Amino acid sequence: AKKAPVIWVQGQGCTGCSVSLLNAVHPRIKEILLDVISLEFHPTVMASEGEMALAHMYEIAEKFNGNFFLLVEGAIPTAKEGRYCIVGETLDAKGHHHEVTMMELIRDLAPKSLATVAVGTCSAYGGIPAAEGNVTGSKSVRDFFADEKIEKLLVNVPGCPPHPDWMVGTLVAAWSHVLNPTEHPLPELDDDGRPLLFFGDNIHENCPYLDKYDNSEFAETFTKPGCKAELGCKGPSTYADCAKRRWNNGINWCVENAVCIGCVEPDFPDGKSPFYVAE
Amino acid sequence: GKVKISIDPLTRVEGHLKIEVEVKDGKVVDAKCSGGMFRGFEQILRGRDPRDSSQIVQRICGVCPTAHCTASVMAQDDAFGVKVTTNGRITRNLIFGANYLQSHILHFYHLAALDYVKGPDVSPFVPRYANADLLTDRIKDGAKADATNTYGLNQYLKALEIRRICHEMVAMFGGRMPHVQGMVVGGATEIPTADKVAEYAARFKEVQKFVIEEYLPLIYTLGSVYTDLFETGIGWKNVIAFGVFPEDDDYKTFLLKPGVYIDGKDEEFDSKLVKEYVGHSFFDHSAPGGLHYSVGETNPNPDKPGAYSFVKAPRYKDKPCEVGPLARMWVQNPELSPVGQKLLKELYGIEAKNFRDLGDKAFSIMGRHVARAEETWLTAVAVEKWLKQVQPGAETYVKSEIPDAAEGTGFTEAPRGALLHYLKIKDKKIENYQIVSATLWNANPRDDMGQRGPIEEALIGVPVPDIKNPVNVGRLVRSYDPXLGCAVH
Ligand code: SF4
Ligand code: SF4
Ligand code: SF4
Ligand code: FCO
Ligand SMILES: [Ca+2]
Ligand SMILES: [Ca+2]
Ligand SMILES: [Ca+2]
Ligand code: NI
Ligand SMILES: [S]
């Protein structure tokens, strides 16, 4: 009956995790919003703005204390006292304005949540904003929780972006657990806090090109037949179910089209780069 | 008698935006636009294999990643010295064109429409402003108000599926979406097959039907209710466009041509005259006077006295210029859709053949929405043509090698406006990479000479008769379809 309350916050994100969620099927996004979750705060799509939006977010976090999912899209920058990501402004009772940093927001909301779900490689692992050359002290949710000594149930759903099936599936599994924990145990997580349901399979082991790989039949260029290994494919070092699930309602996937770039992995992008050089 | 209104977060845009206005005598009299989130892609990119840039830059934005990918692979093509095949060019246009459709539809419905349409009484459609001046408030005939609101809301809901189908179309030759795999230096990674062209076409016809039969009629109907919104949100009336969707192999002709319109006069676009100022932005420049992007610098400084935004301030010949569908449609001046020609006559008593026939009405809140809808139709006509031109089986990829030392620039138009990526290579690695994006031109702060950015300037004069429900401020801002991820990168 009751929908899962969700507060969805964005740090150093690109909105691509949100857009990927909009691509969900079975259920589609209309059914997700009207039947599955109560999306209480989401900066990209919600009706209210500014003071009203923030007041609503904090009201839900209070009313549904210990009973909402905090969804985090994007990384948390810690340099310069958090000032590389300002998420809003709060107008106290005297008229003075105070900016809220992503650090401050997560520190505030995470202890109020039932669980935090880091969607996307940015929030889960740091991803591109935390890659070599950045000067923002960009940090993952798990690292920020560790630094802050925040003990809150945390599940990572990585990918850049994650497949909507991974996000929806994980949230539904979490909510089912809360509603009946012995009938619905929490999904088993790997050492990097991501569900084995979606991230247990190795791409390469499950790849339809594996017969070609075994016969040393390698594509000389993108538009030639063969395994994609010599073009830079990171399938061998990547764990996701893309080979089975494919992308955009089964239309295509990275390996058929081009190469896997290892987007779900905690070392994406630096440990997967250069993208067009073989592993 | 001035009152300050501060809106942070300004929601239903992409990314982190703050808007501050001062209101006096029922109108905005000053404004400040602030982007509050920085990642520094231009720093992150340094030292990498230049080919990685077309994957890394897409993560600037998950709404418009194909635009960044396009600009990046074109910069790489230029730097690497490789010429794309006819079929590669067309395939890149089909990948990118499908997302133009997705982005405009996403914008109008899922970002803009809740300033006009009353949604159901569940989150995230509520809470909302108490006096929101919606269709249900404006239209005094209650049955007509209900019917028109339901008409708009049903389109909003249907558009959720239409935009998803657009991403099936992007994935067809792009691999997945957000963040395609199918565009690379040298062309595109998957040759279209007859079957996949037909599958793209079948989906496209459904999107096209929605555009012509639902979206265009809703926009013109909406404008006929909010005629006051064609008379405000004006701004500088300066626009720039770089050219998008090359229609031949030498990139001399485009669906929408490059050009500049400043102070009532058309001129050619000269990339030498673009520069960025940082006087009110959180960045340090090594030299005064603004910097051309080919010597651009990204040295963030959140402590810079007097600065208020992570967005730099691009100027063309020292003039603020806006970008986006209004800009492109004004510069190209294409013929209006048959729907637009008909409904402008029927609902407004306006005789209009070409975009410029809208005159002053183009440079307004509703004018920006009309431009975007018309451009959606225009792009669909083009995609329909490209689907006939694409040749199953014809090579889409040409080999290349990373040069030791080179430079290249990719020019295009993202759905939100003019986009370039500048790439300098040294020792086979990225030495400098500079991005001048669409919303960067719209949502920038004041330059060193105090000239307001286009959104800031367009806010001047916007009516705010109810300070507790300042709905026209957000309506103006959202008419520009801002993306702050792109603006700041
Ligand atoms: S994980 Fe990737 S798609 Fe999601 S916010 Fe980060 S950059 Fe964007
Ligand atoms: S294409 Fe990639 S994942 Fe598939 S067999 Fe080859 S290297 Fe492995
Ligand atoms: S195939 Fe590789 S790059 Fe593509 S979504 Fe799956 S893990 Fe990410
Ligand atoms: N469209 C789009 Fe994104 C912006 N602004 C880019 O480039
Ligand atoms: Ca602590
Ligand atoms: Ca500050
Ligand atoms: Ca830049
Ligand atoms: Ni964008
Ligand atoms: S795009």
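Worth knowing before you read on, the calculation uses all heavy atoms, side chains too, and leaves out hydrogens, waters and symmetry mates. Chain naming here is simple, since letters A, B, ... match the order of the sequence lines and numbering starts at 1 in each.
Here the OG atom belonging to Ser48(A) is positioned 10.5 Å from the CG atom belonging to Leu114(B), to the nearest 0.5 angstrom. In this structure, the separation between CG on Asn134(A) and CZ on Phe41(B) is 10.5 Å, given to the nearest 0.5 Å. Rounded to the nearest 0.5 angstrom, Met177(B) CE and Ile251(A) CD1 are separated by 14.5 Å. Here OG of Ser6(B) is found 8.5 Å from CG of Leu91(A). Values are rounded to the nearest 0.5 Å. Of the inter-residue distances, the one linking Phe222(A) atom CZ with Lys399(B) atom NZ reads 14.5 Å to the nearest 0.5 angstrom. Rounded to the nearest 0.5 angstrom, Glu395(B) CD and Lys224(A) NZ are separated by 5.5 Å.
Looking at heavy atoms from C-beta onward, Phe41(A) lies out of side-chain contact with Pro124(B) at the 4.5 angstrom threshold. Residues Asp52(B) and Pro269(A) have side chains not in contact (no heavy-atom distance under 4.5 Å, counting atoms from C-beta outward). Within the 4.5 Å cutoff, no side-chain heavy atoms of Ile128(A) are placed close to those of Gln58(B).
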Begin with the C-alpha distance, continue with both residues' side-chain angles, and end with the deciding distance and a verdict on salt bridge (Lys or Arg N to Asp or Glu O under 4.0 Å) for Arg478(B) and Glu49(A). CA-CA 12 Å; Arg478(B) 297 182 185 101; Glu49(A) 62 184 16; 2.8 Å; yes

Show, in sequence, the C-alpha distance, side-chain angles and deciding distance for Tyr276(A) and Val185(B), and conclude whether the side chain to side chain contact (heavy atoms under 4.5 Å, CB included) test is met. CA-CA 11 Å; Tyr276(A) 303 108; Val185(B) 61; over 6 Å; no

Begin from the C-alpha positions of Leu111(B) and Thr44(A) and carry the test side chain to side chain contact (heavy atoms under 4.5 Å, CB included) through to its verdict. CA-CA 7 Å; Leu111(B) 311 184; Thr44(A) 315; 3.8 Å; yes

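In plain terms, the two heavy atoms of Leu22(A) and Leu106(B) that are nearest each other are CD1-CD1, 3.8 Å. When all heavy atoms are compared, the tightest approach of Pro178(B) to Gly16(A) is CG-O, 3.6 Å. The heavy-atom pair separating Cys14(A) from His179(B) by the smallest distance is SG-CE1, 3.6 Å. Nearest heavy atom pair, residue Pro9(B) against residue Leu54(A), reads CD-CG, 3.7 Å. The minimum heavy-atom distance linking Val277(A) with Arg51(B) is given by the pair CG2-NH2, 3.6 Å. In terms of heavy-atom proximity, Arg39(B) sits nearest to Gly13(A) at NH1-O, 3.5 Å.
Most heavy-atom pairs under 4.5 Å with chain B, from the set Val87(A), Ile29(A), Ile37(A): that is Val87(A). Residue with the most contacts toward chain A among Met169(B), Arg46(B), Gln102(B), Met172(B): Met172(B) (heavy-atom pairs, distance under 4.5 Å). Among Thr101(A), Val135(A), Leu34(A), the residue making the largest number of heavy-atom pairs under 4.5 Å with chain B is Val135(A). The candidate from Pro129(A), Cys160(A), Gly127(A), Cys242(A) with the greatest count of non-hydrogen atom pairs under 4.5 Å with chain B is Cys160(A). Interface check for chain A: of the options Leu157(B), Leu10(B), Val122(B), the most heavy-atom pairs under 4.5 Å are formed by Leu157(B). Contact count versus chain B (heavy atoms, under 4.5 Å) is highest, among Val45(A), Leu33(A), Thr136(A), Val25(A), for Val45(A). Interface remark: of the candidates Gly232(A), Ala79(A), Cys85(A), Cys85(A) forms the most heavy-atom pairs closer than 4.5 Å to chain B. For the set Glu89(A), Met102(A), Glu220(A), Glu40(A), the entry with the most heavy-atom pairs within less than 4.5 Å of chain B is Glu89(A).
At a cut-off of 3.5 Å, with distance as the only test, a side-chain donor of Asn252(A) or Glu190(B) sits close to an acceptor on the other residue.
In this structure, the portion of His97(A) lying under 4.5 Å from any heavy atom of chain B is its side chain and not its backbone. Both the backbone and the side chain of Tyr129(B) come within less than 4.5 Å of a heavy atom in chain A. Looking at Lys80(A), the atoms closer than 4.5 Å to chain B (heavy atoms on both sides) all sit in the side chain, from C-beta outward. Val255(A) does not touch chain B: none of its heavy atoms, backbone or side chain, sits under 4.5 Å away. Looking at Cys263(A), only its side chain comes within 4.5 Å of chain B, counting heavy atoms on both sides. Only the side chain of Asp49(B) has a heavy atom closer than 4.5 Å to any heavy atom of chain A. Both the backbone and the side chain of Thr15(A) have a heavy atom closer than 4.5 Å to some heavy atom of chain B. Looking at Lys196(B), the atoms closer than 4.5 Å to chain A (heavy atoms on both sides) all sit in the side chain, from C-beta outward. Heavy-atom distances place the side chain of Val184(B), and not its backbone, under 4.5 Å from chain A. Residue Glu42(B) does not touch chain A at all, counting heavy-atom pairs closer than 4.5 Å. Using a 4.5 Å cut-off between heavy atoms, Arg83(A) contacts chain B through both its backbone and its side chain. The part of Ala24(A) that comes within reach of chain B is its backbone (N, CA, C, O), which places non-hydrogen atoms under 4.5 angstrom from that chain. With a 4.5 angstrom heavy-atom cutoff, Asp303(B) touches chain A via backbone and side-chain atoms both. Heavy-atom distances place no part of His42(A) under 4.5 Å from chain B, backbone and side chain included. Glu199(B) does not touch chain A: none of its heavy atoms, backbone or side chain, sits under 4.5 Å away. Contacts between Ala132(B) and chain A at a heavy-atom distance below 4.5 Å are absent for every atom of the residue.
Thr189(B) places a side-chain N or O within donor-acceptor distance of the main-chain N or O of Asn257(A), the cut-off being under 3.5 Å. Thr223(A) places no side-chain N or O within 3.5 Å of a backbone atom of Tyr397(B) that could act as its donor or acceptor partner. When atom types are taken as modelled, the side chain of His16(B) and the backbone of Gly11(A) share a donor-acceptor pair closer than 3.5 angstrom. Put simply, the side chain of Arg12(B) gets close to the backbone of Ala47(A): a donor and an acceptor are under 3.5 Å apart. A distance-only check finds no donor-acceptor pair linking the side chain of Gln12(A) to the backbone of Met37(B) [under 3.5 Å].
Salt bridge annotation for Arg48(B)-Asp270(A): present, with a cationic side-chain nitrogen under 4.0 angstrom from a carboxylate oxygen.
With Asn23(A) as reference, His167(B) is the one residue of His167(B), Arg164(B), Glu168(B) to meet the side-chain hydrogen bond (donor to acceptor under 3.5 Å, both in side chains) rule.
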